[PDB]
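Asks: For reference, the structure I am asking about is given below.
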Number of protein chains: 4
Amino acid sequence: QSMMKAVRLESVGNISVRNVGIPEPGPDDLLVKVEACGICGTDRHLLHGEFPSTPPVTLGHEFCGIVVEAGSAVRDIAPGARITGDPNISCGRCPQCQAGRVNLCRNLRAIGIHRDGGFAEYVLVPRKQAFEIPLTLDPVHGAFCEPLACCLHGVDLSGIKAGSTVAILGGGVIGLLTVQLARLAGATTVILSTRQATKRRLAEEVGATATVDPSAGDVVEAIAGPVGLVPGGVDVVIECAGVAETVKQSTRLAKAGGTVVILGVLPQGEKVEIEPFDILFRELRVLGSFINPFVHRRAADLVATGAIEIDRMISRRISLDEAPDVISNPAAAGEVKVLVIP
Amino acid sequence: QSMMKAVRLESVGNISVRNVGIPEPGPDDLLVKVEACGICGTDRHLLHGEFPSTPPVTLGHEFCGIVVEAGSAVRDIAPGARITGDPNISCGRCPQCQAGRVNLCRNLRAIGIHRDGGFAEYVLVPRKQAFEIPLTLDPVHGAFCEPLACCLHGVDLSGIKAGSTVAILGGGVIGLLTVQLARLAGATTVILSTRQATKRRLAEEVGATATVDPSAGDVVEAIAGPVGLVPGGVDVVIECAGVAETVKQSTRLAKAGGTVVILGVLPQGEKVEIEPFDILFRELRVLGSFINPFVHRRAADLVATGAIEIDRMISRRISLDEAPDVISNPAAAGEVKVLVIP
Amino acid sequence: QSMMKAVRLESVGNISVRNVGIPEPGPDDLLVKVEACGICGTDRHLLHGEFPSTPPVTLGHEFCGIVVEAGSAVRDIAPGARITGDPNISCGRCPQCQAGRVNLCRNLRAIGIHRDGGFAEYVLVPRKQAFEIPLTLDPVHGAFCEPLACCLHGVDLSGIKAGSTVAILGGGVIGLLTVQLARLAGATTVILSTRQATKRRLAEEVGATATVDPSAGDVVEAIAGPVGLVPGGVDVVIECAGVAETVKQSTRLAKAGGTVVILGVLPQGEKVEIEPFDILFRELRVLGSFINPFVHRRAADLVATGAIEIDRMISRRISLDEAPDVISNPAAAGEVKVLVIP
Amino acid sequence: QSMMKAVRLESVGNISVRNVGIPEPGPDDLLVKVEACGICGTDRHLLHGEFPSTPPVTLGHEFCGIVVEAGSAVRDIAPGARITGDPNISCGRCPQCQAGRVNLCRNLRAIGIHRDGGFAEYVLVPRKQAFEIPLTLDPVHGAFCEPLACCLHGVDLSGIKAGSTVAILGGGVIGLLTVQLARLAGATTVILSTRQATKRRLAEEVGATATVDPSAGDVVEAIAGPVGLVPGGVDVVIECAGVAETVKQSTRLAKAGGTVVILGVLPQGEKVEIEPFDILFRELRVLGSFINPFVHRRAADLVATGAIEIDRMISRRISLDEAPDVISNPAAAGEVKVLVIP
Ligand SMILES: NC(=O)c1ccc[n+]([C@@H]2O[C@H](COP(=O)([O-])OP(=O)(O)OC[C@H]3O[C@@H](n4cnc5c(N)ncnc54)[C@H](OP(=O)(O)O)[C@@H]3O)[C@@H](O)[C@H]2O)c1
Ligand SMILES: NC(=O)c1ccc[n+]([C@@H]2O[C@H](COP(=O)([O-])OP(=O)(O)OC[C@H]3O[C@@H](n4cnc5c(N)ncnc54)[C@H](OP(=O)(O)O)[C@@H]3O)[C@@H](O)[C@H]2O)c1
Ligand SMILES: NC(=O)c1ccc[n+]([C@@H]2O[C@H](COP(=O)([O-])OP(=O)(O)OC[C@H]3O[C@@H](n4cnc5c(N)ncnc54)[C@H](OP(=O)(O)O)[C@@H]3O)[C@@H](O)[C@H]2O)c1
Ligand SMILES: NC(=O)c1ccc[n+]([C@@H]2O[C@H](COP(=O)([O-])OP(=O)(O)OC[C@H]3O[C@@H](n4cnc5c(N)ncnc54)[C@H](OP(=O)(O)O)[C@@H]3O)[C@@H](O)[C@H]2O)c1
Ligand SMILES: [Zn+2]
Ligand SMILES: [Zn+2]
Ligand SMILES: [Zn+2]
Ligand SMILES: [Zn+2]
């Protein structure tokens, strides 16, 4: 019996590297030897039961790798191909799915959450979830297609176009990918707010035209106020922090007629105040943006053509054995993305 | 000197019928003999200084009438024509105006607020604000084009289409016109929530497929709950009450992927709680809708073709002399729209 | 061995009723006892090889019926349920599919074309293609969900909204369903052009505000000319005839800023002249509309709620044995839809 | 009496530099000392009566300059300010205008066509047509805001977004500005077809990822064919040549589900063949794009922030006296934009 290492969430709180069998693919699956899988802040939440899951299960939902076996029903992608995986499996038979709102599937299953994921030497990827990318690419770059696709869906919703002004709240990997996607979609002012200096400097290397530090003073006045960066507000605010303060500032940063996109996840049940008078009189749009419906191919192509800076986003590369400790502890100071390389 | 009665807001709190000169039109104005002007809940707010204004000023911004004099620069509408007036004058030179967001003009002036309005025998209407409608029409029907246009802008924003399910919160004139516009835009379920029986019955006569009474139990469960009218939520919620409770219920009535449109005006500075987790995970849209940008002609045409029921919306017809008392007191029990006929 | 009648296209030109085995469902299929299947003009084309197919094959792609067996993997629709079938099976793995353009799937297979269809006592319907509708419904009404869904996609593309003016060219079943969907989507003028009197009268019974006869004079002048029904053109033209003349008139019927939607199928390779100067200077939109992407559930719900008149659309009800003759001959004089009842 | 040179179109065929009075502004006008006015191919058409005009009239509709006098009603832009002018004056009172389709105004008047334009030392610009830009800017850059705004409207219509693939047909100033706007709007492949080598090289300096020469072989195969640049077609084709061949190739370059935008002006009455079968079965959009509705401020801001390369677009700078000859003759070999500097 041929074995492999896998980082397994045994149950809420219990995570370790274990030896498991190499899975064998059904007729519509690909078996993929993982080149990289990214660690997400969702993975920490999954560990502490803050998001649901079906333990025991191999974590990891941000991965790419080389197809080493195809199932008998798969005929258009062969062994040797490189793919990135869309972890979100929609059912195709519920009313959300039949309306094209596949991200809102009521039977949604995610690879790395309800099915064994990418923190392992090998991972099973159903064919429909597999997106082919060039062999000439840097081997780890494909691991970014998933978080990039989430950001691209948000940027699509926002209406950013040539000449837009944009504020992004939060300088994690989502904020920083969003800075880049904002510039690519034509924004000529892209302001990023984040408390860490290192992350502000990185924002500027990957496209931010300015940055602000919310420790240093009132961000709303710094950005939107009479002597701020963009007096009267920006066209688009993208909230990428998932904390009450940034959600709360978002509408006051928007100009009249502007849009707020909520990418950040605030804990369930937690409440934040809005002012409906202002939403009406300034005709705002407040839009939730959830995962990656029909954008994975575009995301894969952006990475394939080198339109996105990926290398500066990688803070660290670790082994499978090191993963449980990194996932069990909070992120390090200037940390953007940690890649698990099996 | 030829005179006329006008209902004048002398200053905050002070309203009475006065004799004023018949205005003489500039070269781009029409002088219109008023056939009807509607009283709005905004008119009560204006009286008590809750919305700003430039007193002393003739109130009334929902009117139609017969052109009796044209200014020298006006050449395409002659004396004898019937028109309805768009009260909202945009400047055309500020950045909102140049972006096509004329409802967000930073120099906005409204007839009946910053300029003498329609509670008078005659009213001056700049040509660009005048929309011609048929002489064969019921003389008072034109007075509804303004509130109808506000509702039409909201319905446009909402995305209601053939087969949509819709909940409307508040059974004033805006709610009830919105019920009708929802059906016309293709909604096959249109549910109206309002506390007054009389207004629920009227809702059903003008297109509501069901009504609910928020006194009688939990509206959210009655509409969206497992054994409610539309289990799982409606496609579109239009909030037309302008109170904290309906704003607050709106998102919980929407299905995943749904839209909330805020038409109702909540007092400035007043705060209401949302749950950002739900907005994100259920990918909601929350949209403010403000007045009547580029929809006045369509609104006038809907009234001209008889697609909207207007007669059941008129609760009472009063004289100029009776107006100060009706405006100074709260609305009567089953009151929908009061028309001032000079 | 239990048998059934099926109308089989043996090969190009060869069509007859044959006895075939009752199919047995795979684990994701439903076996459906057909209550009705509609005959389409596409079925005549399929017979004469003008559209491709994989003979021998049972024709019929417009059907509804009662589930009599479920495959082992199907758990949410049981025997006894009534369903309508979406005949268009998309692959989910090609680039069109992954972009959400499932109607443009490059591996598209249609029930009744590449797979055995509904002109039989029983039909296999993969679960994802099955849409549940009420048992209380008229048994034959479900057979209209497919052509209705095609029309609904066209009407969605057109931008028809409250107060739109609309011309529809061609009074077959597509034109007539489109008249109804135009009114439901809020059009207040809906003009239908067709040469047959009987079909003009029917158009008026199901929502057309006027009709025109292209034999009787210049349709462009009758509709759009200075003394026509809508001087200067309509907002939306929907071409539903599939002949060179209606395609050619479409742009001249549209007002400046208007939209043309092409629903009609003109023979491959056939050419029609446009005037690019006019398309530019009058800023027209010309849009192709192809089948039924993500609209089948909405179509099924419109039929379920009785928002569409179906009974007046049924010209005749025939047996399986009568089908080969009706399909082999051209349509009769006032013929709208012929239903095959097994 | 203080005088100035002006390039005047005396009547069809007759163009020369003349001495005219310096105009005096009405109360809503600005008097602008011209820093630059661009020559357009429309100016040649105007000379030979191919487009209408109201001679005698000063030509020039692509200009910027310094405000030297304000009319008494103008209070927000003072002498000393730099502005670029929107030449297209809409009436605000026709049905197109009231629907927000200001580019389709039926009473449209253009500065440089129906009113004295920018080929003069001074030009009158009504305040609403004046867009302020920075004094720190290169003095001639403002002259590009008008053609840039036309291209921006086209790019908005096209739906180009992050990751789009694009073909542009014609390498004049419109094509080349469109290459730049395509890249800025997020296109990762931007292919430009033009016969002149010099213009292909320039396309590559300002953002084209590839270029093709339609003299060298079949452009449709070179771009969209099985071994072309983008097998199966691009997302967006923008036709910028205004000749029958490029209009005709446009649809065959588009992928299934793609968009064609027609910016190019083909002579009135001239006809080109389309294939309606292909438009339907490949669900294409063919969109006319006409001038600059509500995009002038965004265009001015793109030039103000330096997001567009302007200097490489200027082929030559000439005096007023040289203008009649340049306008009377066809454009020179590698000519992109000629600027008249008074
Ligand atoms: N919608 C979706 O489909 C989707 C997909 C993936 C992730 N997410 C969510 O998106 C959010 C960001 O994810 P991530 O992976 O980038 O997480 P992250 O590493 O937590 O990034 C968020 C960052 O926001 C910054 N921040 C905190 N408070 C702030 C404030 N008041 N103002 C400005 N910045 C502040 C922090 O950096 P400093 O320490 O420098 O301030 C923090 O690192 C999370 O809520 C995550 O759950 C959503
Ligand atoms: N966005 C715009 O451009 C625009 C334009 C015009 C007006 N407005 C605003 O729209 C709102 C409605 O105007 P209107 O003229 O129709 O005013 P209205 O006569 O005040 O109508 C609102 C109605 O809502 C009902 N209501 C109150 N609490 C409720 C609850 N908890 N649940 C359900 N219904 C409730 C009341 O009827 P019952 O007594 O039967 O409950 C009340 O009559 C106002 O806020 C107004 O300022 C906005
Ligand atoms: N896009 C899609 O997904 C889709 C789906 C289904 C069908 N289709 C296509 O849509 C078209 C209509 O289908 P159908 O089933 O309704 O077919 P149909 O029964 O052929 O209807 C077309 C009708 O157009 C009328 N007509 C012919 N020439 C005309 C003219 N010059 N002016 C006005 N009317 C004219 C005819 O009626 P009179 O004899 O009264 O003139 C004819 O009956 C066909 O081309 C079909 O292939 C497309
Ligand atoms: N929609 C609007 O609002 C708007 C605004 C301004 C201008 N326009 C129009 O847009 C068009 C372009 O204007 P422009 O000022 O850029 O004019 P231009 O200088 O005439 O540019 C068109 C260029 O197309 C190229 N061309 C000709 N035939 C070609 C072919 N078969 N394939 C590829 N390229 C070809 C030519 O360059 P080579 O010699 O290198 O081929 C020619 O220089 C004109 O029709 C103009 O009227 C429209
Ligand atoms: Zn689903
Ligand atoms: Zn303004
Ligand atoms: Zn496919
Ligand atoms: Zn106009």
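By convention in this document, the chains of the structure tokens carry letters A, B, ... by their order, each chain's residues are numbered from 1, and ligands are numbered from 1 in the order they are shown.
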List as JSON, numbers by chain the protein and nucleic acid residues near residue 315 of chain B, meaning an atom at most 10 Å away when only C-alpha atoms are counted, but skip any in the same chain fewer than 3 places from it.
Replies: {"B": [311, 312, 332, 334, 335, 336, 337, 338, 339]}
Asks: Export, as a compact mmCIF listing (two decimals), in the first residue's frame, the selected residues with N, CA and C atoms.
Replies:
```
# COMPACT_ATOMS: atom_id res chain seq x y z
N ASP B 311 -57.01 56.79 -9.68
CA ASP B 311 -58.22 57.22 -8.95
C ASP B 311 -58.38 56.63 -7.56
N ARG B 312 -58.07 55.34 -7.39
CA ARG B 312 -58.15 54.74 -6.05
C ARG B 312 -57.08 55.29 -5.08
N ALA B 332 -54.89 61.61 7.98
CA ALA B 332 -56.06 60.89 8.53
C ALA B 332 -55.92 59.38 8.36
N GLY B 334 -57.18 56.33 6.86
CA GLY B 334 -56.88 55.56 5.64
C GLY B 334 -56.28 56.39 4.51
N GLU B 335 -55.63 57.49 4.85
CA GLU B 335 -55.27 58.49 3.87
C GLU B 335 -54.12 58.03 2.98
N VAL B 336 -54.31 58.13 1.67
CA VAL B 336 -53.25 57.84 0.70
C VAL B 336 -52.74 59.15 0.09
N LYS B 337 -53.46 59.76 -0.83
CA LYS B 337 -52.97 61.00 -1.37
C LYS B 337 -54.08 62.04 -1.29
N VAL B 338 -53.73 63.21 -0.74
CA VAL B 338 -54.60 64.38 -0.79
C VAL B 338 -54.16 65.32 -1.89
N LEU B 339 -55.11 65.66 -2.77
CA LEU B 339 -54.91 66.58 -3.85
C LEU B 339 -55.47 67.97 -3.53
```
Asks: Let's see if you can do this: from backbone DSSP, list all strand (DSSP E) residues in segment 88-161 of chain C, as a PyMOL selection string.
Replies: chain C and resi 88-89+109-110+122-126+130-133
Asks: With 8 Å as the limit and counting only C-alpha atoms, what residues in chain D lie close to chain C? Please list them as JSON, numbers by chain.
Replies: {"D": [101, 104, 247, 256, 257, 262, 263, 264, 265, 266, 267, 268, 269, 270, 271, 272, 273, 274, 275, 276, 277, 278, 279, 280, 281, 282, 283, 284, 285, 286, 287, 288, 289, 290]}
Asks: Could you go through segment 83-243 of chain D and tell me which residues DSSP, when run on the backbone, assigns to alpha helix (DSSP H), listing them as a PyMOL selection string?
Replies: chain D and resi 95-98+145-158+173-184+197-205+219-224
Asks: Would you export the selected residues with N, CA and C atoms as a compact mmCIF listing (two decimals), in the first residue's frame, please?
Replies:
```txt
# COMPACT_ATOMS: atom_id res chain seq x y z
N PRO D 95 -36.79 64.23 -26.24
CA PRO D 95 -37.00 62.98 -25.48
C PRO D 95 -35.71 62.16 -25.22
N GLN D 96 -34.77 62.19 -26.16
CA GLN D 96 -33.45 61.56 -25.94
C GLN D 96 -32.75 62.20 -24.73
N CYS D 97 -32.74 63.53 -24.68
CA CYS D 97 -32.12 64.24 -23.58
C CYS D 97 -32.75 63.92 -22.22
N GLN D 98 -34.07 63.85 -22.19
CA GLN D 98 -34.82 63.58 -20.95
C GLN D 98 -34.71 62.13 -20.50
N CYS D 145 -8.72 65.25 -24.87
CA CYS D 145 -9.81 64.78 -24.02
C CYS D 145 -11.03 64.39 -24.82
N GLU D 146 -11.33 65.13 -25.89
CA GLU D 146 -12.46 64.82 -26.76
C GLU D 146 -12.34 63.46 -27.50
N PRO D 147 -11.28 63.24 -28.28
CA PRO D 147 -11.22 61.90 -28.89
C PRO D 147 -11.05 60.77 -27.86
N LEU D 148 -10.33 61.02 -26.75
CA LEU D 148 -10.24 60.03 -25.68
C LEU D 148 -11.62 59.66 -25.09
N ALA D 149 -12.46 60.65 -24.84
CA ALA D 149 -13.83 60.46 -24.34
C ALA D 149 -14.69 59.61 -25.30
N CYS D 150 -14.55 59.84 -26.60
CA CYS D 150 -15.24 58.98 -27.59
C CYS D 150 -14.79 57.52 -27.45
N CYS D 151 -13.49 57.29 -27.33
CA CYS D 151 -12.94 55.94 -27.15
C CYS D 151 -13.34 55.30 -25.84
N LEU D 152 -13.41 56.10 -24.78
CA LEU D 152 -13.78 55.62 -23.44
C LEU D 152 -15.24 55.17 -23.47
N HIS D 153 -16.10 55.91 -24.16
CA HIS D 153 -17.52 55.48 -24.26
C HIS D 153 -17.59 54.13 -24.96
N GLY D 154 -16.77 53.94 -25.99
CA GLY D 154 -16.74 52.67 -26.73
C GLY D 154 -16.24 51.54 -25.85
N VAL D 155 -15.17 51.79 -25.10
CA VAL D 155 -14.63 50.78 -24.24
C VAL D 155 -15.61 50.42 -23.11
N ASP D 156 -16.32 51.40 -22.56
CA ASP D 156 -17.39 51.15 -21.57
C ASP D 156 -18.44 50.21 -22.19
N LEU D 157 -18.95 50.54 -23.37
CA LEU D 157 -19.93 49.67 -24.03
C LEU D 157 -19.47 48.22 -24.25
N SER D 158 -18.17 48.04 -24.49
CA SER D 158 -17.60 46.77 -24.90
C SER D 158 -17.60 45.71 -23.80
N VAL D 173 -5.68 57.60 -34.78
CA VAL D 173 -5.71 58.04 -33.39
C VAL D 173 -6.76 57.33 -32.53
N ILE D 174 -7.93 56.96 -33.11
CA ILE D 174 -8.99 56.31 -32.32
C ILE D 174 -8.57 54.88 -31.93
N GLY D 175 -8.07 54.13 -32.90
CA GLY D 175 -7.54 52.81 -32.65
C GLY D 175 -6.46 52.83 -31.59
N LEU D 176 -5.53 53.78 -31.69
CA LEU D 176 -4.40 53.79 -30.80
C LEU D 176 -4.76 54.24 -29.40
N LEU D 177 -5.67 55.21 -29.28
CA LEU D 177 -6.16 55.56 -27.96
C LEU D 177 -6.93 54.37 -27.39
N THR D 178 -7.65 53.67 -28.25
CA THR D 178 -8.43 52.51 -27.80
C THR D 178 -7.52 51.35 -27.33
N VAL D 179 -6.37 51.17 -27.97
CA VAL D 179 -5.38 50.17 -27.51
C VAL D 179 -5.05 50.48 -26.05
N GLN D 180 -4.79 51.76 -25.79
CA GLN D 180 -4.39 52.18 -24.45
C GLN D 180 -5.51 52.02 -23.46
N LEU D 181 -6.71 52.43 -23.84
CA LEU D 181 -7.86 52.26 -22.95
C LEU D 181 -8.19 50.78 -22.73
N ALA D 182 -8.03 49.93 -23.75
CA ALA D 182 -8.20 48.48 -23.57
C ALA D 182 -7.27 47.91 -22.51
N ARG D 183 -5.97 48.26 -22.56
CA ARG D 183 -5.02 47.80 -21.55
C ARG D 183 -5.39 48.32 -20.18
N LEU D 184 -5.72 49.61 -20.08
CA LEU D 184 -6.11 50.22 -18.80
C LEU D 184 -7.36 49.57 -18.19
N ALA D 197 3.32 50.04 -41.08
CA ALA D 197 4.34 49.58 -40.14
C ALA D 197 4.55 50.57 -39.00
N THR D 198 4.66 51.85 -39.34
CA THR D 198 4.97 52.85 -38.34
C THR D 198 3.89 52.84 -37.26
N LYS D 199 2.64 52.68 -37.67
CA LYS D 199 1.51 52.68 -36.74
C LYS D 199 1.40 51.38 -35.94
N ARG D 200 1.79 50.25 -36.52
CA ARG D 200 1.94 49.03 -35.75
C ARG D 200 3.01 49.16 -34.66
N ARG D 201 4.17 49.76 -34.99
CA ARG D 201 5.23 49.94 -33.99
C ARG D 201 4.75 50.86 -32.87
N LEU D 202 4.08 51.95 -33.22
CA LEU D 202 3.55 52.85 -32.21
C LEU D 202 2.51 52.12 -31.32
N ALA D 203 1.65 51.32 -31.93
CA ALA D 203 0.67 50.54 -31.17
C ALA D 203 1.38 49.74 -30.08
N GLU D 204 2.48 49.10 -30.45
CA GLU D 204 3.27 48.31 -29.49
C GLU D 204 3.92 49.17 -28.41
N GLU D 205 4.26 50.41 -28.73
CA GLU D 205 4.84 51.27 -27.68
C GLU D 205 3.79 51.75 -26.68
N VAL D 219 -6.42 38.32 -42.03
CA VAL D 219 -6.45 38.81 -40.64
C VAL D 219 -7.30 37.89 -39.74
N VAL D 220 -8.42 37.35 -40.27
CA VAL D 220 -9.33 36.50 -39.49
C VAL D 220 -8.62 35.22 -39.05
N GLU D 221 -7.92 34.58 -39.99
CA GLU D 221 -7.07 33.43 -39.66
C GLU D 221 -5.87 33.81 -38.79
N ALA D 222 -5.22 34.94 -39.07
CA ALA D 222 -4.08 35.38 -38.25
C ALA D 222 -4.47 35.57 -36.77
N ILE D 223 -5.68 36.13 -36.54
CA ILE D 223 -6.13 36.38 -35.16
C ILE D 223 -6.91 35.23 -34.53
N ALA D 224 -7.95 34.77 -35.21
CA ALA D 224 -8.96 33.87 -34.64
C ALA D 224 -8.85 32.42 -35.08
```
Asks: Between C:113, C:47, C:40, C:102, which residue has the minimum interatomic distance to ligand 3, considering only C-alpha atoms and all ligand atoms?
Replies: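 For ligand 3, the nearest of the candidates is C:40.
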